[PDB]
Amino acid sequence: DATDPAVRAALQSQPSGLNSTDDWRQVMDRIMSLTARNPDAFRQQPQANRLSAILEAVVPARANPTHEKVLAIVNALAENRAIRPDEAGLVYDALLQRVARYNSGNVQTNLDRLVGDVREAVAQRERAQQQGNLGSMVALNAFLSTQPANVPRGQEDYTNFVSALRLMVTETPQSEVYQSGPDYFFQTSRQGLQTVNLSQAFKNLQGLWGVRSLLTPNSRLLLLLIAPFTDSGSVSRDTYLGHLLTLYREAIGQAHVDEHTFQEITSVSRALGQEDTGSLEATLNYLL
Amino acid sequence: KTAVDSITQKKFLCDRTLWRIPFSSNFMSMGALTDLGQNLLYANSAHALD
Numbered sequence: 004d005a006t007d008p009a010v011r012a013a014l015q016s017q018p019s020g021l022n023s024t025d026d027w028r029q030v031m032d033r034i035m036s037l038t039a040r041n042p043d044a045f046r047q048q049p050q051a052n053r054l055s056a057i058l059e060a061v062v063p064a065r066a067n068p069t070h071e072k073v074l075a076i077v078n079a080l081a082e083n084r085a086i087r088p089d090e091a092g093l094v095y096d097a098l099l100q101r102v103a104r105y106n107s108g109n110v111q112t113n114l115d116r117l118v119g120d121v122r123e124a125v126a127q128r129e130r131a132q133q134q135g136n137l138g139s140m141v142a143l144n145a146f147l148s149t150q151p152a153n154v155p156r157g158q159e160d161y162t163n164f165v166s167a168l169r170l171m172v173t174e175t176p177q178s179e180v181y182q183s184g185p186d187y188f189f190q191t192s193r194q195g196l197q198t199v200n201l202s203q204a205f206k207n208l209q210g211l212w213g214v215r226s227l228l229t230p231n232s233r234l235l236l237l238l239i240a241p242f243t244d245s246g247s248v249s250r251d252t253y254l255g256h257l258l259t260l261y262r263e264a265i266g267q268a269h270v271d272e273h274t275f276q277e278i279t280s281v282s283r284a285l286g287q288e289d290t291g292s293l294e295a296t297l298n299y300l301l
Numbered sequence: 853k854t855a856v857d858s859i860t861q862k863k864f865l866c867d868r869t870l871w872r873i874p875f876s877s878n879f880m881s882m883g884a885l886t887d888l889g890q891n892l893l894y895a896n897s898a899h900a901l902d
């Protein structure tokens with residue numbers, strides 16, 4: 004609701020109190036004293052405050068939804084990055100001017116259809132961010148059209164590797180693939196390091212799938238990122254690519270338990286009393 | 853050897869042309885609809901020019 008463009012439009016246009024137009028039932032429960040908490044809080048008002056609320060209740064005042072319907076649209080354009088936040092007042096007066104030149108019963112109905120349409124489109128984008136798959140599956144499958152589907156040797160290792168390659172981009176919503184000129188790439192996160200080169204890695208691994226000092230370090234970076242998404246039976250045991258994928262799974266598991274060992278040794282080296290400079294260097298040389 | 857004490861007059865002549873001052877934020881031609889003409893676009897704001 005904090006990211007809802009019509010809840011945010013109600014927090015910027017609608018009053019923060021109980022008027023007798025937007026909240027007719029909640030103020031008639033208070034005029035007629037049938038409220039659970041403090042029923043007699045309306046009898047204790049002056050006639051200027053008490054009779055002016057009765058008149059707005061038995062014959063309520065009409066209002067314009069047009070500034071509220073447009074502000075729900077502007078606050079969804081500013082949320083789906085269609086406009087800048089600095090342009091939020093520029094396009095608000097630009098849209099209010101257009102629905103004033105062309106105001107009709109059709110347009111006010113069409114703004115009522117479009118404020119339900121932008122509630123969906125804000126939520127559809129925020130679902131697509133947390134899923135994180137649609138921008139990557141169409142560009143990884145576009146990569147794999149370029150790569151051949153039949154290697155000469157080790158096709159069993161190759162078709163499970165590229166199936167685990169689809170498992171990184173699916174089971175990590177921040178990861179993405181794209182193109183920049185000839186080659187394609189893979190970032191493990193938005194605005195993060197460890198960017199592998201897919202067109203350079205698969206022109207390096209091609210010719211190494213059945214071999215059983227020769228690897229480019231981005232191919233080894235690819236074999237490090239693909240390692241937690243690869244089973245022991247996904248690739249072979251004797252194959253040099255399969256021998257490394259088991260070796261990189263042990264390196265991740267050792268770096269996962271040297272992380273917990275680091276948090277234990279440095280915790281009991283401060284309380285026991287050591288140099289804080291040398292507690293942090295002798296621990297790494299014990300763990301690396 | 854008997855040259856008189858002289859003073860230098862400098863000027864330019866630039867015929868056939870119009871002194872173009874483009875209404876762009878870096879004085880360049882990046883398009884016919886300049887970037888300072890798009891900030892005033894959909895603004896509905898009248899400005900005096902002196």
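Those sequence lines, one after another, are chains N and B. Per the deposited numbering: the first sequence = residues 4 to 215, 226 to 301. Per the deposited numbering: the second sequence = residues 853 to 902. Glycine residues also receive a C-beta, built at the ideal position from the N, C-alpha and C atoms.
- Contact check for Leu888 of chain B against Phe875 of chain B passes: the beta carbons are separated by less than 7 Å.
- Those residues of the segment 81-107 of chain N placed with their C-beta closer than 8 Å to a C-beta in chain B are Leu93, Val94, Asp96, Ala97, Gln100, ordered along the chain.
- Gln182 of chain N sits in a strand when the DSSP states are folded into three classes.
- Between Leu228 of chain N and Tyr261 of chain N, the C-beta spacing is not below 7 Å.
- Rounded to whole angstroms, the Cβ separation of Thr279 of chain N and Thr296 of chain N is 6 Å, and the two are in contact under 8 Å.
- Counting only unbroken stretches of 4 or more residues, the alpha helix (DSSP H) elements lying wholly within the segment 87-152 of chain N are 93-104, 108-134, 137-149, in sequence order.
- Around the beta carbon of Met880 of chain B, a 10 Å sphere encloses fewer than 16 other beta carbons of the protein chains shown; the residue is thus reported as exposed.
- Around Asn878 of chain B, no beta-carbon contact reaches into chain N at under 9 Å, the shortest distance being about 20 Å.
- Per DSSP, reduced to three states, the secondary structure at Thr860 of chain B is coil, with no helix or strand assignment.
- In the DSSP assignment, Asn200 of chain N falls within the beta strand (DSSP E) that extends over 198-200.
- One thing to note: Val77 of chain N has its Cβ no nearer than 7 Å to the Cβ of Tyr105 of chain N.
- N:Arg28 is the residue among N:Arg28, N:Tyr161, N:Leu117 whose C-alpha sits nearest the C-alpha of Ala56 of chain N.
- Taken in chain order, the complete alpha helix (DSSP H) segments of 4 residues or longer contained in the segment 38-69 of chain N are 50-61.
- The alpha-carbon of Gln134 of chain N is positioned some 30 Å away from that of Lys72 of chain N.
- Spatial neighbours of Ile239 of chain N in its own chain (CB-CB distance under 8 Å, excluding positions within 5 residues in sequence) are listed in chain order as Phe164, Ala167, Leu168, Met171, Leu258.
- Per DSSP, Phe242 of chain N has no beta-bridge partner at all.
- In the DSSP assignment, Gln190 of chain N is bridged to N:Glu179, N:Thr198.
- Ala898 of chain B has its alpha-carbon roughly 21 Å from the corresponding atom of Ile873 of chain B.
- Taken atom to atom, the span from the alpha-carbon of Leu117 of chain N to that of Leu80 of chain N is near 12 Å.
- Per DSSP, reduced to three states, the secondary structure at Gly157 of chain N is coil, with no helix or strand assignment.
- Below 8 Å, enough C-beta pairs join the segment 112-130 of chain N and the segment 6-16 of chain N to call them touching: three or more.
- Around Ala895 of chain B, the beta-carbon contacts reaching into chain N at under 7 Å are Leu93.
- The three-state secondary structure of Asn83 of chain N, taken from DSSP, is coil.
- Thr162 of chain N sits away from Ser178 of chain N, with the two beta carbons spaced by 7 Å or more.
- Going by beta carbons, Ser23 of chain N and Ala60 of chain N fall inside the 7 Å limit.
- Counting C-beta pairs with one atom in each stretch, the segment 203-214 of chain N and the segment 146-156 of chain N have three or more that are closer than 8 Å, which means they touch.
- In this structure, the alpha-carbon of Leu14 of chain N lies about 11 Å from that of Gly20 of chain N.
- When secondary structure is reduced to three states using DSSP, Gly266 of chain N falls in the helix class.
- By the criterion of a C-beta distance shorter than 8 Å, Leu98 of chain N is surrounded in its chain by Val73, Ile76, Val77, once the five residues flanking it on both sides are discounted.
- Assignment of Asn231 of chain N by DSSP, reduced to helix, strand and coil, places it in the helix class.
- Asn83 of chain N and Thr175 of chain N have their C-alpha atoms some 22 Å from each other.
- Secondary structure at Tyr894 of chain B: coil, using DSSP grouped into helix, strand and coil.
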